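Please read the structure below before turning to the comments.
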Amino acid sequence: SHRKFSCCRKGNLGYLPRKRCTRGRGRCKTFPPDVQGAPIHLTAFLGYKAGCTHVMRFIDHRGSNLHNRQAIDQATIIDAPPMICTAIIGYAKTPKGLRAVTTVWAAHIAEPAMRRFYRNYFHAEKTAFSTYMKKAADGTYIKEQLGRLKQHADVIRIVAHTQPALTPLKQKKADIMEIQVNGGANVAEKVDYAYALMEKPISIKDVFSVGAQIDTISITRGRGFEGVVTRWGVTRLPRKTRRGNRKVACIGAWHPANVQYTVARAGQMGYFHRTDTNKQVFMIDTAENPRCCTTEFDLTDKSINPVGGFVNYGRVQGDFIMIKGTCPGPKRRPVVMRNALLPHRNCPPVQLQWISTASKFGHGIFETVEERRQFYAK
Amino acid sequence: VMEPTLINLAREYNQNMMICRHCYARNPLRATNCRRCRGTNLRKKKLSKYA
Amino acid sequence: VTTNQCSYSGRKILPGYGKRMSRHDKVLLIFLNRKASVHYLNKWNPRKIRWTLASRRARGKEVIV
Amino acid sequence: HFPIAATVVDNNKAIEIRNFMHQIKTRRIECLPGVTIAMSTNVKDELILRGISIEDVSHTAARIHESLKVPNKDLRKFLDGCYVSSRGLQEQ
Amino acid sequence: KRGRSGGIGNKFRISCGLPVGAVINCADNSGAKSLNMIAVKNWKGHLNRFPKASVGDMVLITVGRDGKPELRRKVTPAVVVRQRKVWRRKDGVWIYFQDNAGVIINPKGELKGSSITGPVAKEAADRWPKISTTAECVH
RNA sequence: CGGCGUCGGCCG
RNA sequence: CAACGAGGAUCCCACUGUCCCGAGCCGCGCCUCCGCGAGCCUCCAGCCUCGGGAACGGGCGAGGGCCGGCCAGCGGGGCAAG
RNA sequence: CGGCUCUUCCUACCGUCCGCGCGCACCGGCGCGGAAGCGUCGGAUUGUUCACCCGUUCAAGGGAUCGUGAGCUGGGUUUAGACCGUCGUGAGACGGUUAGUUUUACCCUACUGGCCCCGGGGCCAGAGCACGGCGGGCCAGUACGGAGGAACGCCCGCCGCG
RNA sequence: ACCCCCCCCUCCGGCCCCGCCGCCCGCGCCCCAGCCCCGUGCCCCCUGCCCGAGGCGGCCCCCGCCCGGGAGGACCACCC
Ligand SMILES: [K+]
Ligand SMILES: [K+]
Ligand SMILES: [K+]
Ligand SMILES: [K+]
Ligand SMILES: [K+]
Ligand SMILES: [K+]
Ligand SMILES: [K+]
Ligand SMILES: [K+]
Ligand SMILES: [K+]
Ligand SMILES: [K+]
Ligand SMILES: [K+]
Ligand SMILES: [K+]
Ligand SMILES: [K+]
Ligand SMILES: [K+]
Ligand SMILES: [K+]
Ligand SMILES: [K+]
Ligand SMILES: [K+]
Ligand SMILES: [K+]
Ligand SMILES: [K+]
Ligand SMILES: [K+]
Ligand SMILES: [K+]
Ligand SMILES: [K+]
Ligand SMILES: [K+]
Ligand SMILES: [K+]
Ligand SMILES: [K+]
Ligand SMILES: [K+]
Ligand SMILES: [Mg+2]
Ligand SMILES: [Mg+2]
Ligand SMILES: [Mg+2]
Ligand SMILES: [Mg+2]
Ligand SMILES: [Mg+2]
Ligand SMILES: [Mg+2]
Ligand SMILES: [Mg+2]
Ligand SMILES: [Mg+2]
Ligand SMILES: [Mg+2]
Ligand SMILES: [Mg+2]
Ligand SMILES: [Mg+2]
Ligand SMILES: [Mg+2]
Ligand SMILES: [Mg+2]
């Protein structure tokens with residue numbers, strides 16, 4: 001018989017299977033589309049999730065009920081030390097998709113990159129790029145090998161790695177990622193730009209800008225094995241059910257005589273690969289600047305690290321970026337950031353009047369250590 | 001106000017045609033069968049109260 | 001920045017913290033945290049709670065202008 | 001009661017239409033290549049399409065007629081639009 | 001002409017503290033003592049979900065046995081002006097009241113009383129101009 | 001029960 | 001018909017996780033390991049769709065899938081067992 | 001038996017989408033073709049399916065062993081106690097009424113996750129799939145026609161879902 | 001055209017490029033029209049039956065754990 005009252009299904013079938021992610025980190029699967037003629041620019045960066053705070057900003061909208069008023073917004077903080085570009089890869093568009101031409105590495109490779117090639121570093125015998133460094137010593141080989149990417153490739157990407165000795169993390173090996181070069185006048189102009197970045201650092205202020213939108217890619221918090229009420233959000237059965245009320249009662253009709261893939265079942269919850277889109281950039285600064293988080297509205301000097309320190313992260317030493325809202329993962333997961341594929345259209349500008357630097361360990365009420373000391377001055 | 005000659009010009013697009021009693025398809029004047037269903041049962045389009 | 005003073009204790013409240021309560025004699029009260037709000041609702045006397053502004057004023061430890 | 005406005009653009013390769021029945025949407029119709037469109041310089045409220053290809057000239061005039069549609073009304077009473085009046089050759 | 005529905009402008013979403021079955025206090029001087037809330041306007045529901053309202057919403061009520069005899073046995077429109085469930089505004093302020101209250105007011109926006117006792121919220125004063133003019137306090 | 005789909009007939 | 005009832009009913013006050021709509025926590029089982037160590041049941045086997053057929057097939061005709069070996073769970077089917 | 005829970009399917013389409021017709025001025029109704037994506041709800045009395053009223057964003061009809069009890073519940077019906085009315089010489093019979101134990105998975109398949117050690121970065125065959133609906137401002141008390149009373153477009157919110 | 005298909009998005013056998021560093025196998029390229037069909041209505045027809053370079057296309061092979069922490073977790077696995 002027909003189900004008597006109308007009600008939708010529970011949960012989204014386009015995020016199946018609910019298995020643990022097997023990719024290692026967030027992997028950028030698409031890049032923004034290249035526009036022939038546009039100025040050259042980079043499209044991606046890799047950071048680590050540091051914390052959350054909230055800000056006061058002056059809203060300049062039109063037709064909105066907050067048109068000339070003040071709003072308090074939640075912002076997330078991402079730690080972004082400079083990345084080092086170590087290799088150039090090219091690909092060709094073929095009747096079988098993207099196929100690569102060759103990958104040209106740099107002459108000299110750093111310790112953080114070399115450690116990613118080994119399981120244990122102290123014990124291993126070190127024979128990565130042993131022949132390559134000898135041949136590539138004279139720079140002529142690179143020029144010849146770049147003489148192919150200019151002649152056969154349609155898409156150019158750079159290989160770049162992070163420097164984990166400038167963070168509070170525990171790992172010592174880098175995270176390696178391809179970054180696509182968009183824009184330019186022809187292919188041959190994008191290889192002169194990639195060569196001029198070889199073995200050099202890249203700052204996040206030279207990819208993203210303030211007020212633009214980005215996409216954040218990461219792996220979500222894990223909860224392990226979990227039943228249907230929490231994993232899927234189905235209704236809890238009444239109190240006098242004999243064997244427990246945290247279940248789906250009927251898991252299929254008699255025919256077909258199988259269990260369907262559309263029925264809610266228990267299993268792994270969390271630790272999934274996800275993409276949250278259209279995040280607006282609030283501020284790009286550095287933690288060495290002691291005036292990075294000071295508006296006029298306060299007169300003291302305030303910087304990014306809070307009183308007490310970033311709970312469960314550590315101390316931020318260099319560059320960071322600030323996005324509105326929230327992003328997947330716990331503190332310290334690596335987050336990939338790209339330009340927005342289909343950005344939201346009617347977003348107002350960014351005009352910050354105040355940022356919270358009070359302690360997040362507990363309920364802190366002092367912006368700075370100096371004025372807590374003045375408060376308890378004996 | 002629309003001058004009478006523009007009315008006649010517009011009336012050969014909004015009026016002056018045949019409807020098919022079975023499927024309500026527009027058909028040309030002096031047409032025997034319906035263009036869509038192929039039946040022979042066709043009336044005129046009714047006149048407006050200002051026509 | 002613009003700030004408020006807790007009505008139960010004397011502390012300052014920063015933008016985006018605590019909660020307000022509208023009493024029925026048309027008087028507003030601004031609370032720093034939930035602890036301060038529970039003390040007020042139970043009718044615990046501010047002068048007997050030793051960390052408040054009111055207590056330290058009554059104990060000579062706080063200078064009254 | 002609502003005068004239609006019409007500006008030839010793109011050096012007679014497109015036309016814009018404004019203010020059809022007092023509406024905010026504007027209309028842009030490009031000519032199929034080889035066709036030119038001029039405002040009448042003789043008798044007011046009248047457009048002129050010219051070209052060598054008869055399919056191309058008629059396909060452009062029909063694409064203009066199809067761009068000015070009155071929605072959800074008795075069309076026997078609301079009769080605004082752009083209508084083909086003369087289908088002939090040129091006269092030099 | 002003369003249409004003029006009820007509720008001036010747009011409203012942001014806030015926490016709804018009162019579901020169907022709640023009994024709230026009467027804040028004007030019509031004669032009613034308590035109002036029993038039986039429905040919410042503009043409510044599209046979902047299976048098993050109770051309808052619910054916040055301050056500023058128009059609700060349907062019945063006047064209870066402690067109220068005046070003439071007002072009883074009828075489905076009357078009203079507006080909630082105070083609630084106990086705490087809610088967050090856009091500027092980051094969290095605020096709540098001591099009790100739950102409403103006034104009797106028709107969808108054209110004209111009140112059935114001459115006064116309102118105690119403070120009212122800004123949510124109800126912005127949507128309903130008549131409430132903003134006879135209120136003695138707005139928080 | 002309808003068919004200016006196509007090919008073939010009969011009666012004027 | 002006063003009094004009385006682990007008797008059958010309707011309503012109100014008070015009370016509440018019965019419910020809107022669920023969330024967090026404690027102990028013990030489960031789970032992994034050392035020692036010990038059974039019952040029930042079993043034509044043969046164990047992936048589907050249609051047809052025909054003792055008129056609802058795992059096997060028969062035709063099509064679509066599929067290394068092999070295991071665990072924690074689960075109740076659609078085995079017209080499951082008793 | 002129903003209900004609760006949960007999933008999938010049909011179109012003989014009720015609202016929303018696109019076209020035509022009217023005894024279509026506007027508004028609002030009505031008739032037809034294509035269309036199964038989303039929506040079709042909260043309560044009072046009844047075991048009820050059904051029905052009947054109140055309310056709301058105003059509320060189509062069906063299938064899957066009359067889908068679904070080793071998923072539940074056990075109100076109904078449906079053993080053994082007991083009462084009433086009619087019937088029977090009688091033991092007893094039949095319209096109402098009250099009290100009445102809901103057993104077992106560790107096997108096989110299906111399904112949900114997990115495993116059988118093998119560098120770094122990528123590409124893509126196959127399979128999965130997700131943005132609908134309701135308002136407000138301007139247009140405008142304007143087109144239309146006295147009373148009344150629209151629309152394309154842009155912008156701002158809400159509800160349901162994720 | 002709320003429909004249908006693709007993108008975005010989730011999984012992903014296999015494969016490719018790059019690091020450390022050998023084997024084998026095959027021998028054959030005009031294009032475009034059919035109511036111009038441009039002079040056609042053929043060739044091949046011996047993969048051993050006596051065939052066995054270079055270039056041009058293929059094929060194979062090539063990479064540890066235990067141990068302890070964790071943002072991960074039934075056991076395993078995963079990230080360090
Ligand atoms: K059913
Ligand atoms: K059902
Ligand atoms: K359930
Ligand atoms: K089933
Ligand atoms: K399933
Ligand atoms: K389910
Ligand atoms: K389950
Ligand atoms: K995603
Ligand atoms: K409340
Ligand atoms: K025939
Ligand atoms: K007595
Ligand atoms: K008794
Ligand atoms: K007794
Ligand atoms: K008794
Ligand atoms: K729980
Ligand atoms: K049969
Ligand atoms: K059969
Ligand atoms: K059988
Ligand atoms: K069966
Ligand atoms: K429909
Ligand atoms: K009993
Ligand atoms: K929403
Ligand atoms: K919702
Ligand atoms: K939601
Ligand atoms: K589909
Ligand atoms: K999409
Ligand atoms: Mg039980
Ligand atoms: Mg039991
Ligand atoms: Mg904290
Ligand atoms: Mg229900
Ligand atoms: Mg809750
Ligand atoms: Mg069998
Ligand atoms: Mg067979
Ligand atoms: Mg079973
Ligand atoms: Mg049944
Ligand atoms: Mg069963
Ligand atoms: Mg049972
Ligand atoms: Mg009995
Ligand atoms: Mg696909």
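Values reported hereafter were calculated over all heavy atoms of this structure, with side chains retained and with hydrogens, waters and symmetry mates removed. The sequence lines fix the lettering, A, B, ..., with proteins before strands; numbering per chain opens at 1.
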(message) Within the 4.0 Å heavy-atom criterion, would you say B/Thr40 contacts the bases, only the backbone, or no part of the nucleic acid?
(response) sugar-phosphate
(request) Check step by step if side-chain hydrogen bond (donor to acceptor under 3.5 Å, both in side chains) holds for E/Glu123 and E/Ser54. (result) CA-CA 9 Å; E/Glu123 280 71 8; E/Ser54 55; over 6 Å; no
(request) May I ask you to evaluate whether D/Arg76 reaches the phosphate of H/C144, defined as a side-chain N or O under 4.0 Å from OP1 or OP2? (result) no
(request) With sequence neighbours excluded, tell me which residues meet side chain to side chain contact (heavy atoms under 4.5 Å, CB included) with A/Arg265. (result) A/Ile251, A/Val259, A/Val263
(request) Give a yes-or-no answer on whether the side chains of A/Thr102 and A/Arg148 include a donor-acceptor pair shorter than 3.5 Å. (result) yes
(request) Could you tell me whether the side chain of A/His273 and the main chain of A/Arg27 form a donor-acceptor pair under 3.5 Å? (result) yes
(request) Would you classify E/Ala39 as touching base, sugar-phosphate or nothing, given that sugar-phosphate means primed atoms plus P, OP1 and OP2, and contacts are heavy atoms under 4.0 Å? (result) sugar-phosphate
(request) Only pairs at least two apart or in different chains count here, so list each side chain to side chain donor-acceptor pair (under 3.5 Å) that has a residue in residues 33-51 of chain B. (result) none
(request) Would you list the pairs meeting ring pair (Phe, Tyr, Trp, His ring centres under 6.0 Å) in which at least one residue belongs to residues 84-124 of chain A, sequence neighbours left out? (result) A/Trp105-A/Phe129, A/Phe117-A/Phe129, A/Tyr118-A/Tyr121
(message) Taking any heavy-atom pair under 4.0 Å as a contact, classify B/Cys23: base, sugar-phosphate, or nothing.
(response) nothing
(request) Identify whether any heavy atom of A/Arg243 sits under 4.0 Å from a base atom; if not, whether one sits that close to sugar-phosphate; answer base, sugar-phosphate or nothing. (result) sugar-phosphate
(message) Protein within reach of the bases, or only the backbone? For nucleotides 74-82 of chain G, mark each nucleotide 5' to 3' as B, S or -, using heavy atoms under 4.0 Å.
(response) BSBS-----
Every protein N/O within reach of nucleotides 122-126 of chain H N/O, cut-off under 3.5 Å:
unit_1, atom_1, unit_2, atom_2, d
H/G122, OP2, A/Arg27, NH1, 3.1
H/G122, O5', A/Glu178, OE2, 3.3
H/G122, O3', A/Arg157, NH1, 3.3
H/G122, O2', A/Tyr91, OH, 2.8
H/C123, OP1, A/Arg157, NH1, 3.2
H/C123, OP1, A/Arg157, NH2, 3.4
H/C123, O2', A/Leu98, O, 3.1

(message) So A/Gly14, base contact, sugar-phosphate only, or nothing? Heavy-atom distance under 4.0 Å.
(response) base
(request) With a 4.0 Å heavy-atom cut-off, tell me which residues in residues 42-61 of chain E come close to RNA chain G, sorted by residue number. (result) E/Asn48, E/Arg49, E/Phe50
(request) Would you please confirm or rule out a distance under 4.0 Å between OP1 or OP2 of H/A25 and any side-chain N or O of B/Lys49? (result) yes
(request) Would you tell me if any nitrogen or oxygen in the side chain of A/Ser6 comes within less than 4.0 Å of OP1 or OP2 on H/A59? (result) no
(request) Would you tell me if any nitrogen or oxygen in the side chain of A/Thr30 comes within less than 4.0 Å of OP1 or OP2 on I/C9? (result) yes
(request) Name the nucleic acid region contacted by E/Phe12, choosing base, sugar-phosphate or nothing; use a 4.0 angstrom heavy-atom cut-off, strictly under. (result) sugar-phosphate
(message) For a quick check of understanding: with a heavy-atom distance under 4.0 Å over all strands, which category does E/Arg73 fall into, base, sugar-phosphate or nothing?
(response) nothing
(request) Report yes if at least one side-chain N or O of A/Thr22 is closer than 4.0 Å to OP1 or OP2 of I/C12; otherwise report no. (result) yes
(request) With heavy atoms under 4.0 Å as the rule, sort E/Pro19 into base, sugar-phosphate or nothing. (result) nothing
(request) Could you give the distance separating H/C106 and G/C31 at their P atoms, to the nearest angstrom? (result) 10 Å
(message) Please determine whether a side-chain nitrogen or oxygen atom of B/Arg43 lies at a distance below 4.0 Å from atom OP1 or OP2 of H/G21.
(response) no
(request) Represent RNA chain I in dot-bracket notation, 5' to 3'. Only Watson-Crick or G-U wobble pairs with both distances under 3.5 Å count; pseudoknot-style crossings use [ ] and interstrand partners use |. (result) ........|||..|||||(..(.(((.............................))).)..)....((.........))
(request) Could you let me know what H/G92 is paired to, Watson-Crick or G-U wobble, both distances under 3.5 Å, or none if it's on its own? (result) H/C87
(request) Quick one: do E/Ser34 and E/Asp66 satisfy side-chain hydrogen bond (donor to acceptor under 3.5 Å, both in side chains)? Show the steps, please. (result) CA-CA 7 Å; E/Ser34 59; E/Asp66 45 355; 3.3 Å; yes
(message) Taking only side-chain N and O atoms of A/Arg246, does any of them lie within less than 4.0 angstrom of OP1 or OP2 on G/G73?
(response) no
(message) I'd like to compare against my own output: the B/S/- annotation of nucleotides 65-80 of chain I with a strict under-4.0 Å heavy-atom distance to protein.
(response) ------BSSS-BB--B
(request) Considering just the side-chain nitrogens and oxygens of A/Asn346, establish if one lies under 4.0 Å of OP1 or OP2 belonging to H/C156. (result) yes
(message) Listing request: all side chain to side chain donor-acceptor pair (under 3.5 Å) pairs with a residue in residues 250-259 of chain A, at least two apart in sequence or in separate chains.
(response) none
(request) Just read off the sign of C1'-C2'-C3'-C4' for H/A59 and name the pucker, north if positive, south if negative. (result) south
(message) Between H/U97 and H/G76, how far apart are the two P atoms, rounded to whole Å?
(response) 10 Å
(request) Pick base, sugar-phosphate or nothing for B/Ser48, based on heavy-atom distances below 4.0 Å to the nucleic acid. (result) nothing
Which pairs, protein N/O on one side and nucleotides 8-12 of chain H N/O on the other, fall under 3.5 Å?
unit_1, atom_1, unit_2, atom_2, d
H/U8, OP1, A/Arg9, NH1, 3.2

(request) Scan residues 5-19 of chain A for pairs that pass side chain to side chain donor-acceptor pair (under 3.5 Å), counting only residues two or more places apart or in two chains. (result) none
(message) Once ring pair (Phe, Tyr, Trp, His ring centres under 6.0 Å) is applied, do any residues pair with D/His22, and if so which ones, sequence neighbours excluded?
(response) D/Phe2
(message) Please confirm whether the shortest side-chain N or O distance from A/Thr127 to OP1 or OP2 of I/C20 is below 4.0 Å.
(response) no
(request) Ignoring backbone atoms, establish whether A/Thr102 has a side-chain N or O less than 4.0 Å from OP1 or OP2 of I/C18. (result) yes
(message) Roughly how many Å apart are I/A77 and G/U32, using the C1' atom of each and rounding to a whole number?
(response) 15 Å
